[PDB]
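Participant: Quick one: experimental structure and sequence below.
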Amino acid sequence: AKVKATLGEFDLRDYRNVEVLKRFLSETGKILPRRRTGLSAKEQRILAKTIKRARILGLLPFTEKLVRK
Amino acid sequence: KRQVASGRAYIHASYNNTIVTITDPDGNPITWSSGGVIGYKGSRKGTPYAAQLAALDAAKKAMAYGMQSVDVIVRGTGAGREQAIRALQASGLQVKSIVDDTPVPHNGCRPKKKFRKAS
Amino acid sequence: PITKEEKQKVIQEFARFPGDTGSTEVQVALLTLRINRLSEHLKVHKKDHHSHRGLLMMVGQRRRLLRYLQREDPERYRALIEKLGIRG
Amino acid sequence: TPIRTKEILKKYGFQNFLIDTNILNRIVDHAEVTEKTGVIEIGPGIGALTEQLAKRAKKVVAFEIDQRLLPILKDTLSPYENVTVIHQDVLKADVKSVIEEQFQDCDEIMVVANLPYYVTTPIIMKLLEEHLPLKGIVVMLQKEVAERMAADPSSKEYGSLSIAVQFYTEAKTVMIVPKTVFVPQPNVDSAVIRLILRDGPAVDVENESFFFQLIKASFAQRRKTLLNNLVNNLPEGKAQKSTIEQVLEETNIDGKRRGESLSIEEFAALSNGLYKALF
Amino acid sequence: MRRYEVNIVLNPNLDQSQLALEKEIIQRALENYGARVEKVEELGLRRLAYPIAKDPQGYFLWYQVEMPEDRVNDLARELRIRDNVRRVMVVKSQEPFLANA
RNA sequence: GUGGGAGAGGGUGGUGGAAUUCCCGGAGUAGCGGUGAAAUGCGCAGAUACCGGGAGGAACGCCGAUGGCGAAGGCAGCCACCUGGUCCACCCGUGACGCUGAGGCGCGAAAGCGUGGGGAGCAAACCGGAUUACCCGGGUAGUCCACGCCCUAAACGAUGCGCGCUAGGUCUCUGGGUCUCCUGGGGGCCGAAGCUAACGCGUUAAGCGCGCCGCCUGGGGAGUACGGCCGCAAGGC
RNA sequence: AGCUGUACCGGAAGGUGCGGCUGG
């Protein structure tokens, strides 16, 4: 599916709303492409900026470990 | 001796070698083995079979120190990754978690000439 | 940046008649304001080679407007040039 | 011989060749070999040069390092009698003995060679190093290298080879070989140069070691002030900076001079200057 | 004369006294630079996705302020001097761009 | 002029994490590294693999794109300040105020130079190992910063700038509206008429026209010679 | 796979370093 579809209404510029932002990160703490998030470019740009900001604030992980083979 | 009975395993998988290091929860290594320790030299060290024997040998030693179960962490993307995981899985230790921990730069130091040309 | 207040006061000062925003005098005054601000900036920032082009363009535009004004009515040109302190 | 080359290669089941005739005579014309002068050839190959050389050579010694090419040297040089093959590497040999032995009856020798360039320069350097009593050398040696061998003291050619040879011998470009004469086009031009030895060194023999050390030091960072070169490359020299500044004054060489713009005379003067003053 | 959001992440292992003192000092410093507080939000304790100063806990303060621009940098330089405060971030108050509605 | 919009446009401060190297502490022992296969090298003064702390330099993974911005060169972590260009709507103001431009003046990747710092990784020259180059292990300049020079290129879309006219279809970035659609500005593919020696171009013209500038006159010798200007020099015109 | 600006080359039938181009 898509991350946007698997979500209600929310703000993209909210750099503290961790519960929604975590939905846009893969198993590893990496930003998902538009292929997965299902956003327009402007939306993707704003989301990536916010993600980086939250990363700095320590709320979101820069990197992590995938628990598989 | 240590009789920790529960530790973890670090599998450094390279293109040239595979090294398995068994360790306590605290991270202090207890025993280790590689492709070279078995007796292989040169390119033979890189083979998946070498990785299998390395994993089995390290596991046997760790059992001799009285372990029962580990938590395997794999680093690198060499040719002995899956073979080492499989070997350690059925060696008798009760592996609980398999974790990928490949350390990659965030576009840091400039790589060697052979590894450059990357877009 | 130039706030709306700063611009407005200049517009309402240099206007020929009330509601005028587009006479040559108003354009020259606004360009002068921009040029002064940018000159201060560039005086501080020596290695801002990208803004210097902006300054050159602004100066050129001001010179063209002044040439036209002088050609049309010399008196207004003299009054403007003295009141703005251009070329002195 | 272009027509005969194919025949000879095919007849044995078989690499750059001077197939053409006129110029092989011209190179030995410049080489000036007679019944009075013998020849040591190190690159005989198939023996193309050897035939026309021995047509007017006093004595012919040839060095072949590979015995795969050996079986064909005899039968291709059947009529000629002057030929004597020493299946020895010239670098690993002792040319002094061979000079004393084969050419004892003969009068003079001038080396003429045609060998791959990746082997050329070390051989010439060795033949110069050991002070053999031979008249001269004639080699075609990748023109871009020959210019560096001659290399008037400027124009991107005056390096360190230039100083060495001009300290040992004389050099000057003799002939340009037009491309494509070789059956495989070598994508590069070659030049025949001649070296003529001299009686003793060109300049002071005060310290060969220190002279060459200074030569190497001054040309490490070619694009650099000579003073910077010396303070950098010369051993320590950081704490001896003031000494260098001192010595450069009385030698009448300016600090900011880009050592690539020096003469052998100036280099000799500086070699004498720094030695016995630096330490 | 613009609107900013000031985020402070400070040492979580502060008792009532120390925490009150830190809040008071940062408030005084904020007021010192001609800043006016529109609102304050106290999010308390949160779980940091990675350790900061070896401690996986952080105390979060969020101020909406309105202040002169040419001061803001200095303010940050002022607020980052205490050893108790770990992270200080000042961001221009933007608008809530709404999508998926 | 008013209202709004997008952006790795530029400069100055300041901090975030990943990774490499090095130092210290702990635990543990015989290889590690490297290749097509090996060797040089490092290691019993304890190397590799592991955990913890510290030092420093350089670059910013995911998003990231056939994307965006700039006159070109070129420009990617994030925050703030200062600042240039540009688009759209309203159609409010001036009333031809325009286009181009020999000289001049400024900018100008990389590689180089001078005066001082800095130096983690990589790496000309150089030093060694295998097998002619290639490949492997080291390594100075250099790569980084400040100031001052240098002024070159496959500096390219090999296409000078401005304006007007001449079928469309499709993808995409970004504004506006009366939002199935309509109307602006960028970036790409396929194609009417037409053009071209052909390849191909084709509303982003290499079509049809007007204005201004630059340049060409068979190859080699030759970007060489001499002269002049500039540069510390290499060299540039 | 070549080409190119610049800088070196005491194992130059040419090689390498830093960038650029497709005229592969």
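Facilitator: It's in. Numbers count the residues shown, from 1 in each chain, chains lettered A, B, ... in the order given.

Participant: Okay, helices next: where are they in chain D?
Facilitator: D:2-10, D:22-31, D:48-54, D:71-76, D:95-101, D:117-129, D:143-150, D:161-168, D:208-218, D:226-233, D:241-250, D:264-274 (DSSP state H).

Participant: Which of the ones you listed sits closest to chain A?
Facilitator: Closest approach to chain A among those (Cβ to the nearest Cβ): helix D:226-233, 42.6 Å. C-beta coordinates here come from the backbone N, C-alpha and C atoms, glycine included.

Participant: so does that closest one get close to RNA strand F?
Facilitator: Yes - counting by Cβ under 7 Å from any atom of the strand, RNA strand F is contacted by helix D:226-233 at D:227-228, D:232-233.

Participant: Would you mark the buried spots in that helix?
Facilitator: Under the neighbour-count criterion of 16 or more other Cβ atoms under 10 Å in any protein chain shown, helix D:226-233 has D:226-227, D:229-231, D:233 buried.

Participant: follow-up on the earlier one: residue A:23: which of the residues of helix D:226-233 next to RNA strand F is nearest?
Facilitator: Nearest to residue A:23 among those is residue D:232, at 58.7 Å by Cβ to Cβ.

Participant: between the residues of helix D:226-233 next to RNA strand F, which is nearest RNA strand G?
Facilitator: Distance to RNA strand G, by Cβ to the nearest atom of the strand, is smallest for residue D:233 among those, at 12.2 Å.

Participant: in chain A, which spans are helices?
Facilitator: Along chain A, counting by DSSP H, helices occupy A:18-21, A:34-37, A:41-57.

Participant: Can you confirm whether the second one lies near RNA strand F?
Facilitator: Yes - Helix A:34-37 is in contact with RNA strand F by Cβ under 7 Å from any atom of the strand, via residue A:34.

Participant: And for the first one?
Facilitator: No - judged by Cβ under 7 Å from any atom of the strand, helix A:18-21 makes no contact with RNA strand F; its nearest approach is 12.1 Å.

Participant: That helix: which residues count as buried?
Facilitator: Buried, per 16+ other Cβ under 10 Å, within helix A:18-21: A:18, A:21.

Participant: and the residue lying farthest from the centre of chain C, what does it touch?
Facilitator: Going by Cα atoms, centre = their mean, the residue of chain C most distant from its centre is residue C:47, 24.2 Å out. Residue C:47 sits next to no residue when contact means Cβ atoms under 8 Å, 6 or more residues apart in numbering or on different chains.

Participant: again with residue D:83
Facilitator: Residues counted as contacts of residue D:83 (Cβ under 8 Å, 6+ apart) are D:50, D:54, D:60, D:62, D:73, D:77.

Participant: Out of these, which is nearest to chain B?
Facilitator: Nearest to chain B among these is residue D:73, at 41.7 Å by Cβ to the nearest Cβ.

Participant: gap between the closest residue to residue B:69 other than its chain neighbours and residue B:25?
Facilitator: In space, and not counting its chain neighbours, residue B:69 is closest to residue B:94: 3.9 Å by Cβ to Cβ, 6 or more residues apart in numbering or on different chains. Distance, residue B:94 to residue B:25, by Cβ to Cβ, to the nearest Å: 15 Å.

Participant: same question, residue D:86
Facilitator: With distances taken as Cβ to Cβ, residue D:86 is found 75 Å from residue B:25.

Participant: need the contact list for the residue lying closest to residue D:189 once chain neighbours are set aside.
Facilitator: Nearest residue to residue D:189 in three dimensions, chain neighbours excluded: residue D:143, at 4.8 Å (Cβ to Cβ, 6+ apart). Residues near residue D:143 by Cβ under 8 Å, 6+ apart: D:173, D:176-177, D:188-191.

Participant: Kindly recompute the last result at 10 Å.
Facilitator: Contacts for residue D:143 (Cβ atoms under 10 Å, 6 or more residues apart in numbering or on different chains) come out as D:173, D:175-177, D:188-193.

Participant: Would you report which members of the residues you listed are assigned to strands?
Facilitator: D:173, D:175-177, D:190-193 (DSSP state E).

Participant: What subset of those is buried?
Facilitator: By 16+ other Cβ under 10 Å, these give D:175, D:177, D:190-193 as buried.

Participant: just these now: which is nearest residue A:37?
Facilitator: Checking those against residue A:37 by Cβ to Cβ gives residue D:190 as the nearest, at 64.5 Å.

Participant: most neighbours per residue, which of the helices of chain A?
Facilitator: Counting by mean count of other Cβ atoms under 10 Å in any protein chain shown, helix A:41-57 has the highest mean neighbour count of the helices of chain A, with a mean of 17.

Participant: name the helices or strands packed onto that one?
Facilitator: helix A:18-21, helix A:34-37, strand E:2-10, strand E:36-52, strand E:85-92, strand E:98-99 (3 or more Cβ pairs under 10 Å, 6 or more residues apart in numbering or on different chains; DSSP states H and E).

Participant: how does it look with 8 Å?
Facilitator: helix A:18-21, helix A:34-37, strand E:85-92 (3 or more Cβ pairs under 8 Å, 6 or more residues apart in numbering or on different chains; DSSP states H and E).

Participant: Is there proximity between that helix and RNA strand F?
Facilitator: Yes - counting by Cβ under 7 Å from any atom of the strand, RNA strand F has neighbours in helix A:41-57: A:41-42, A:44-49, A:52-53, A:55-56.

Participant: Give me the neighbour count for residue B:90.
Facilitator: 11 (other Cβ atoms under 10 Å in any protein chain shown).

Participant: That one and residue B:70: what is the separation?
Facilitator: Using Cβ to Cβ, residue B:90 is found at 13 Å from residue B:70.

Participant: swap in residue C:29?
Facilitator: Residue C:29 is 79 Å from residue B:70, by Cβ to Cβ.

Participant: Which residues are in contact with residue 11?
Facilitator: I'll assume chain A. Counting by Cβ under 8 Å, 6+ apart, residue A:11 touches A:17, E:96-98.

Participant: actually chain B
Facilitator: B:18-20, B:55, B:72-76, B:81, B:84-85, B:88.

Participant: Look up which residues are beta-bridged to it.
Facilitator: Beta-bridge pairing of residue B:11 under DSSP bridges involves residue B:20, residue B:74.

Participant: just to revisit the earlier point, what subset of the contacts of residue A:11 is buried?
Facilitator: Here, 16+ other Cβ under 10 Å leaves nothing buried among these.

Participant: Residue C:22: which of these is nearest?
Facilitator: residue E:97 (35.6 Å).

Participant: pretty sure that closest one is touching residue A:13, no?
Facilitator: Yes - contact criterion Cβ atoms under 8 Å: residue E:97 and residue A:13 qualify, at 5.3 Å.

Participant: Need the residues touching each of the two.
Facilitator: Contacts common to residue E:97 and residue A:13, judged by Cβ under 8 Å, 6+ apart, are residue A:46.

Participant: which residues touch the residue of chain C found nearest chain A?
Facilitator: Relative to chain A, the nearest point of chain C is residue C:1 (22.8 Å; Cβ to the nearest Cβ). Applying Cβ under 8 Å, 6+ apart, we find residue C:1 in contact with no residue.
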